[PDB]
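Asks: sequence, then the experimental structure. Questions to follow.
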There are 2 protein chains.
Amino acid sequence: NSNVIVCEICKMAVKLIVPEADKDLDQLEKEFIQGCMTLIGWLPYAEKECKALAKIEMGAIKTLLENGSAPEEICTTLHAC
Amino acid sequence: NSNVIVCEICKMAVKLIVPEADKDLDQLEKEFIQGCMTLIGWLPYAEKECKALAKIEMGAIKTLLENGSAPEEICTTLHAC
């Protein structure tokens, strides 16, 4: 819909994932969830949003990178940023 | 936490509630939920957030008005806007 902070959430995950030689869930999630909370902790079901976005966003970002997407176009592909 | 769109959500509910001679749930909710979605429909549990915020935000706004809060300070009181 609006997307204005899903896009900041996505830009945040891209920073988390891209520089990492060893891409994997390995507690890159924890870092994602904290920065996700910081951006949406003030919602009644914030924790639940962030748990799900961690898998959805980071999974999507990782595969798009593997299949040749330019890192600065990934959030546009996903969310029209 | 961040609050940047809970504050737009609150400013939106204030517009919905304040001019209304007959303050009540009466499908002022529907209107709230649509404008809430527009602001957060792109989240995995958006509908759930909006259902809850409708009761939390509008209930809080209505009582604060009844007890003498200035309408332009209500979202500051609630969310530090």
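Replies: Arrived safely, thanks for sending. Numbers count the residues shown, from 1 in each chain, chains lettered A, B, ... in the order given.

Asks: close to chain B: what parts of chain A are there?
Replies: Contacts of chain A with chain B, taken as Cβ under 8 Å from any Cβ of the partner chain, map to A:1-6, A:37-46, A:48-49, A:52-53, A:56, A:79. (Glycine included, C-beta is placed from N, CA and C.)

Asks: following element in sequence after whichever strand or helix holds residue A:36, please.
Replies: Assigned by DSSP states H and E, residue A:36 falls within helix A:28-40. Using DSSP H and E, the next helix or strand after helix A:28-40 towards the C-terminus is helix A:46-66.

Asks: for that next one, the distance to its chain's centre please.
Replies: Put simply, helix A:46-66 sits 5 Å off its chain's centre (Cα atoms, centre = their mean, to the nearest Å).

Asks: go through it and flag the buried ones.
Replies: Of all the residues in helix A:46-66, those buried under the rule 16 or more other Cβ atoms under 10 Å in any protein chain shown are A:46, A:49-51, A:53-54, A:56-58, A:60-62, A:64-65.

Asks: ok, so of the residues you listed, who is nearest residue A:29?
Replies: Among those, residue A:54 lies closest to residue A:29 (Cβ to Cβ), at 5.0 Å.

Asks: does residue A:22 sit in a helix, a strand or a coil?
Replies: coil (DSSP: H, G, I helix; E, B strand; the rest coil).

Asks: what is the burial count for it?
Replies: 6 (other Cβ atoms under 10 Å in any protein chain shown).

Asks: ramachandran angles for it?
Replies: phi -110, psi 80 (degrees, to the nearest 10).

Asks: do the same with the one 4 residues further on
Replies: Note on residue A:26: backbone dihedrals following degrees, to the nearest 10 are phi -30, psi 80.

Asks: which residues touch residue A:53?
Replies: Residue A:53 makes contacts with A:6, A:9, A:32, A:36, B:43-44, as judged by Cβ atoms under 8 Å, 6 or more residues apart in numbering or on different chains.

Asks: and if we set it to 10 Å?
Replies: A:6, A:9-10, A:12-13, A:32-33, A:36, A:39-40, B:43-44 (Cβ atoms under 10 Å, 6 or more residues apart in numbering or on different chains).

Asks: go on, residue A:43?
Replies: Contacts of residue A:43 (Cβ under 10 Å, 6+ apart): A:37, A:49-50, B:1-3, B:5-6, B:9, B:40, B:43, B:45-46, B:48-50, B:52-53.
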